[PDB]
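Chemist: Structure below; questions to follow.
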Amino acid sequence: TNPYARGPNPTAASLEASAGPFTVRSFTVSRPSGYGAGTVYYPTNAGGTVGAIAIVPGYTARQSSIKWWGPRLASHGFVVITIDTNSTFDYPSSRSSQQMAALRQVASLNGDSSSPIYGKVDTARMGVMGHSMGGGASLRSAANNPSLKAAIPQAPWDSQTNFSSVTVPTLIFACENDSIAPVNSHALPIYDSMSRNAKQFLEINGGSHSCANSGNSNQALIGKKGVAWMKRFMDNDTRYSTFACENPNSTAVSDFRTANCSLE
């Protein structure tokens, strides 16, 4: 039996719903260390320790742009920290350092008797997500920290596209009509550079640059795939292998690619 498995057996409906089975609470980090601000979302009743995920917004953006992931993931059994960066003008490398600092503070708070997440986190199981320059940050975090269990960059942007050293299971969300981080020069080549990992590419049909941000019209599909990816790879939960590795068969998807994804 998988010591990391949490929650009931998944269905398409359970993954497409606004919330998973678990009750979610949140709090603001009092003295953020290494980043600007943070909100921690956590399940109150997960039935065991859970992995943690740090999410970074893009340039000139704030927590609001990515915060829909907080409740969506936490309600399926993850601790999620959404952050503001030291400056909204920070570039990917700086964003990556702050993303890892956010994971470190979640791990420290796990050992803080006064924190709401005291003893709730399996601090060996961590993941990274982020939008555009925060997606580049997540890729840098994965390349520099191979012990990370999963990475989900959305509409990624960086000054380079070669992330060939990444061995972390990486799911890239791309927005077909993105004019800020065009898929042909960003998301697609970044996806194609990784030959050493489980990976996936899901492009949203007709999507603009913000197609996976808070308020998007595809939270059923995007949330299904993000939660399934984190379940399969952060929890080793093979109940989610089909949901994580399959073509979703959606008219909202204009391009789907995947490699080294079990599907068993």
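Letters A, B, ... go to the chains of the structure tokens in the order shown; residues in each chain start at 1; ligands are counted from 1 in the same order.
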Quick one: DSSP strand (DSSP E or B) residues in stretch 156-237 of chain A, as a compact mmCIF listing (two decimals) with C-alpha atoms, in the first residue's frame?
Modeler:
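Final file, part.txt:
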# COMPACT_ATOMS: atom_id res chain seq x y z
CA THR A 170 7.16 18.35 -15.81
CA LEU A 171 3.71 19.29 -17.17
CA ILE A 172 3.72 22.48 -19.27
CA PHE A 173 0.46 24.39 -19.86
CA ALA A 174 0.68 26.58 -23.00
CA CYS A 175 -1.75 29.22 -24.34
CA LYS A 199 6.78 15.32 -19.35
CA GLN A 200 3.60 16.68 -20.88
CA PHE A 201 2.55 19.61 -23.06
CA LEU A 202 -1.06 20.83 -23.03
CA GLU A 203 -1.92 23.85 -25.17
CA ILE A 204 -5.22 25.63 -24.55
Chemist: What are the closest atom pairs, with distances in Å to one decimal, for each residue of stretch 52-153 of chain A lying within 10 Å of stretch 189-198 of chain A, using only C-alpha atoms, rows by chain and rising residue number, as CSV?
Modeler:
residue,atom,partner,partner_atom,distance
A:136,CA,A:190,CA,9.3
A:139,CA,A:190,CA,9.1
A:150,CA,A:198,CA,9.5
Chemist: Can you spit out the residues from that selection as an mmCIF file, in the first residue's frame, using C-alpha atoms?
Modeler:
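As written to disk, out10.cif reads:
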data_model
loop_
_atom_site.group_PDB
_atom_site.id
_atom_site.type_symbol
_atom_site.label_atom_id
_atom_site.label_comp_id
_atom_site.auth_asym_id
_atom_site.auth_seq_id
_atom_site.Cartn_x
_atom_site.Cartn_y
_atom_site.Cartn_z
ATOM 1 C CA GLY A 136 10.704 29.834 -16.040
ATOM 2 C CA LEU A 139 11.916 25.128 -14.542
ATOM 3 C CA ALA A 150 6.944 17.580 -9.856
#
Chemist: Can you check which parts of stretch 1-41 of chain A lie within 12 Å of stretch 230-240 of chain A? Per residue, the shortest pair of atoms and distance in Å to one decimal, counting only C-alpha atoms, sorted by chain and number, as JSON lines.
Modeler:
{"residue": "A:1", "atom": "CA", "partner": "A:237", "partner_atom": "CA", "distance": 10.2}
{"residue": "A:2", "atom": "CA", "partner": "A:237", "partner_atom": "CA", "distance": 7.3}
{"residue": "A:3", "atom": "CA", "partner": "A:235", "partner_atom": "CA", "distance": 8.5}
{"residue": "A:4", "atom": "CA", "partner": "A:235", "partner_atom": "CA", "distance": 5.2}
{"residue": "A:5", "atom": "CA", "partner": "A:237", "partner_atom": "CA", "distance": 5.8}
{"residue": "A:6", "atom": "CA", "partner": "A:235", "partner_atom": "CA", "distance": 8.3}
{"residue": "A:7", "atom": "CA", "partner": "A:231", "partner_atom": "CA", "distance": 10.3}
{"residue": "A:8", "atom": "CA", "partner": "A:239", "partner_atom": "CA", "distance": 9.7}
{"residue": "A:9", "atom": "CA", "partner": "A:239", "partner_atom": "CA", "distance": 6.8}
{"residue": "A:10", "atom": "CA", "partner": "A:240", "partner_atom": "CA", "distance": 7.1}
{"residue": "A:11", "atom": "CA", "partner": "A:240", "partner_atom": "CA", "distance": 9.2}
{"residue": "A:12", "atom": "CA", "partner": "A:240", "partner_atom": "CA", "distance": 10.4}
{"residue": "A:14", "atom": "CA", "partner": "A:240", "partner_atom": "CA", "distance": 11.7}
{"residue": "A:15", "atom": "CA", "partner": "A:240", "partner_atom": "CA", "distance": 10.0}
Chemist: Output N, CA and C atoms of each residue in that selection to a file, as a tab-separated table (two decimals), in the first residue's frame.
Modeler:
chain	number	residue	atom	x	y	z
A	1	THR	N	0.83	-1.20	0.00
A	1	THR	CA	0.00	0.00	0.00
A	1	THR	C	0.87	1.26	0.00
A	2	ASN	N	0.44	2.26	-0.76
A	2	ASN	CA	1.15	3.51	-0.94
A	2	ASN	C	0.98	4.39	0.29
A	3	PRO	N	2.05	4.62	1.06
A	3	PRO	CA	1.93	5.47	2.26
A	3	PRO	C	1.51	6.90	1.94
A	4	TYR	N	1.63	7.33	0.68
A	4	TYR	CA	1.34	8.71	0.31
A	4	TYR	C	-0.04	8.88	-0.30
A	5	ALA	N	-0.77	7.80	-0.53
A	5	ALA	CA	-2.07	7.93	-1.17
A	5	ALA	C	-3.07	8.57	-0.22
A	6	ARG	N	-3.76	9.59	-0.72
A	6	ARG	CA	-4.76	10.31	0.05
A	6	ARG	C	-6.04	10.43	-0.77
A	7	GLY	N	-7.18	10.37	-0.08
A	7	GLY	CA	-8.44	10.63	-0.73
A	7	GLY	C	-9.03	9.45	-1.47
A	8	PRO	N	-10.29	9.60	-1.87
A	8	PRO	CA	-11.00	8.54	-2.59
A	8	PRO	C	-10.46	8.33	-3.99
A	9	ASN	N	-10.80	7.16	-4.55
A	9	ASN	CA	-10.41	6.83	-5.91
A	9	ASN	C	-10.91	7.91	-6.88
A	10	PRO	N	-10.06	8.43	-7.75
A	10	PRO	CA	-10.47	9.54	-8.61
A	10	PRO	C	-11.43	9.14	-9.71
A	11	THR	N	-12.24	10.12	-10.11
A	11	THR	CA	-13.06	10.06	-11.31
A	11	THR	C	-12.84	11.35	-12.08
A	12	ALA	N	-13.32	11.38	-13.32
A	12	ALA	CA	-13.27	12.63	-14.06
A	12	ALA	C	-14.05	13.72	-13.33
A	14	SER	N	-14.61	13.99	-10.08
A	14	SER	CA	-13.94	14.43	-8.86
A	14	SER	C	-12.76	15.33	-9.18
A	15	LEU	N	-12.13	15.13	-10.34
A	15	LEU	CA	-11.00	15.97	-10.75
A	15	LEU	C	-11.44	17.26	-11.42
Chemist: Just checking: using only C-alpha atoms, which residue out of A:164, A:23, A:214, A:110 ends up closest to residue A:46?
Modeler: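 Closest candidate: A:23.
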Chemist: Residues at most 12 Å from residue A:218, counting only C-alpha atoms, excluding those fewer than 2 positions away in the same chain, as a tab-separated table (two decimals) with N, CA and C atoms, in the first residue's frame?
Modeler:
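Contents of the output file around19.tsv:
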chain	number	residue	atom	x	y	z
A	16	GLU	N	-12.62	17.29	-12.04
A	16	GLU	CA	-13.10	18.50	-12.71
A	16	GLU	C	-13.88	19.43	-11.79
A	17	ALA	N	-14.26	18.97	-10.60
A	17	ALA	CA	-15.00	19.78	-9.65
A	17	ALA	C	-14.15	20.94	-9.14
A	18	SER	N	-14.84	21.96	-8.61
A	18	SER	CA	-14.16	23.13	-8.06
A	18	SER	C	-13.27	22.77	-6.88
A	68	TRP	N	-6.03	30.78	-7.62
A	68	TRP	CA	-7.05	29.74	-7.77
A	68	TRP	C	-6.47	28.34	-7.57
A	173	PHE	N	1.73	23.86	-19.30
A	173	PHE	CA	0.46	24.39	-19.86
A	173	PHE	C	0.87	25.53	-20.80
A	175	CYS	N	-0.56	28.49	-23.85
A	175	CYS	CA	-1.75	29.22	-24.34
A	175	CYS	C	-1.53	29.44	-25.84
A	203	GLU	N	-1.69	22.51	-24.65
A	203	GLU	CA	-1.92	23.85	-25.17
A	203	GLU	C	-3.41	24.14	-25.23
A	204	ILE	N	-3.82	25.25	-24.61
A	204	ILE	CA	-5.22	25.63	-24.55
A	204	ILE	C	-5.61	26.31	-25.86
A	205	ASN	N	-6.66	25.79	-26.50
A	205	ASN	CA	-7.16	26.29	-27.78
A	205	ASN	C	-7.54	27.77	-27.69
A	206	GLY	N	-6.94	28.58	-28.56
A	206	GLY	CA	-7.22	30.00	-28.62
A	206	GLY	C	-6.86	30.82	-27.39
A	207	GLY	N	-6.08	30.25	-26.47
A	207	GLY	CA	-5.82	30.94	-25.22
A	207	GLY	C	-4.85	32.10	-25.37
A	210	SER	N	-2.88	34.72	-20.38
A	210	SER	CA	-3.39	34.46	-19.03
A	210	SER	C	-4.36	33.27	-18.97
A	211	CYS	N	-4.28	32.34	-19.93
A	211	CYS	CA	-5.29	31.30	-20.09
A	211	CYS	C	-5.34	30.30	-18.94
A	212	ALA	N	-4.31	30.24	-18.08
A	212	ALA	CA	-4.32	29.35	-16.93
A	212	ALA	C	-4.29	30.11	-15.60
A	213	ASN	N	-4.53	31.41	-15.63
A	213	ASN	CA	-4.51	32.23	-14.42
A	213	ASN	C	-5.89	32.22	-13.76
A	214	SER	N	-5.95	32.82	-12.58
A	214	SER	CA	-7.21	32.92	-11.85
A	214	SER	C	-8.29	33.54	-12.72
A	215	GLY	N	-9.48	32.97	-12.65
A	215	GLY	CA	-10.60	33.43	-13.44
A	215	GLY	C	-10.69	32.84	-14.84
A	216	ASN	N	-9.80	31.92	-15.21
A	216	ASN	CA	-9.84	31.37	-16.56
A	216	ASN	C	-11.08	30.50	-16.72
A	220	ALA	N	-11.93	23.49	-15.13
A	220	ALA	CA	-12.27	22.07	-15.05
A	220	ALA	C	-11.15	21.23	-15.65
A	221	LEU	N	-10.73	21.57	-16.87
A	221	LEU	CA	-9.68	20.81	-17.54
A	221	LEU	C	-8.32	21.07	-16.91
A	222	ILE	N	-7.97	22.34	-16.72
A	222	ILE	CA	-6.63	22.68	-16.24
A	222	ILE	C	-6.44	22.17	-14.82
A	223	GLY	N	-7.46	22.33	-13.97
A	223	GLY	CA	-7.38	21.82	-12.61
A	223	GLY	C	-7.33	20.31	-12.55
A	224	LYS	N	-8.11	19.64	-13.41
A	224	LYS	CA	-8.02	18.18	-13.49
A	224	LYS	C	-6.59	17.74	-13.79
A	225	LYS	N	-5.96	18.37	-14.79
A	225	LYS	CA	-4.64	17.92	-15.20
A	225	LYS	C	-3.58	18.27	-14.17
A	226	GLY	N	-3.66	19.47	-13.59
A	226	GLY	CA	-2.68	19.85	-12.57
A	226	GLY	C	-2.75	18.97	-11.34
A	250	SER	N	-10.35	16.87	-25.25
A	250	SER	CA	-11.06	18.10	-25.00
A	250	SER	C	-11.01	19.00	-26.23
A	251	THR	N	-12.15	19.59	-26.57
A	251	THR	CA	-12.15	20.57	-27.64
A	251	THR	C	-11.41	21.84	-27.23
A	252	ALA	N	-11.11	21.99	-25.94
A	252	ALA	CA	-10.36	23.13	-25.44
A	252	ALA	C	-8.85	22.96	-25.59
A	253	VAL	N	-8.39	21.83	-26.12
A	253	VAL	CA	-6.96	21.54	-26.26
A	253	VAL	C	-6.62	21.58	-27.75
Chemist: Near residue A:122, counting only C-alpha atoms, which residues have an atom at most 8 Å away, once you skip same-chain residues fewer than 3 positions from it, shown as a PyMOL selection string?
Modeler: chain A and resi 49-52+119+125
Chemist: May I have the residues within 10 Å of residue A:96 as a list in words, using only C-alpha atoms and disregarding those fewer than 2 positions away in the same chain?
Modeler: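 After dropping sequence-adjacent residues, the list is residues 56, 85, 90, 91, 92, 93, 94, 98, 99, 100, 101, 102, 128, 130, 133, 134, 135, 136, 137, 138, 139, 140, 141, 142 and 144 of chain A.
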Chemist: Env of residue A:30: 12 Å cut, atoms = only C-alpha atoms, seq-sep filter 6 positions within chain, self excluded. Answer as a PyMOL selection string.
Modeler: chain A and resi 36-40+105+109+114-115
Chemist: Just give me the gap between atom CA of residue A:60 and atom CA of residue A:29 in Å, one decimal is fine.
Modeler: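 Atom CA of residue A:60 sits 21.0 Å away from atom CA of residue A:29.
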Chemist: Rank nothing, just name the residue among A:186, A:104, A:131, A:257 nearest to residue A:62, using only C-alpha atoms.
Modeler: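 When distances to residue A:62 are compared using only C-alpha atoms, the smallest one comes from A:131.
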Chemist: Using Å and a single decimal, report how far atom CA of residue A:84 sits from atom CA of residue A:111.
Modeler: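 A separation of 23.0 Å between them.
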Chemist: Have a look at atom CA of residue A:78 and atom CA of residue A:57 and let me know their distance in Å, one decimal.
Modeler: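 Rounded to one decimal, the two atoms are 18.8 Å apart.
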Chemist: Enumerate the residues of stretch 57-157 of chain A with a DSSP assignment of helix (DSSP H, G or I), computed from the backbone, and present them as JSON, numbers by chain.
Modeler: {"A": [63, 64, 65, 69, 70, 71, 72, 73, 74, 92, 93, 94, 95, 96, 97, 98, 99, 100, 101, 102, 103, 104, 105, 106, 107, 108, 109, 110, 133, 134, 135, 136, 137, 138, 139, 140, 141, 142, 143, 144]}
Chemist: Between A:262, A:83, A:246, A:146, which one has atoms that come closest to residue A:165, using only C-alpha atoms?
Modeler: A:146
Chemist: Between A:243, A:95, A:55, A:103, which residue has the minimum interatomic distance to residue A:152, considering only C-alpha atoms?
Modeler: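 Result for the nearest residue to residue A:152: A:55.
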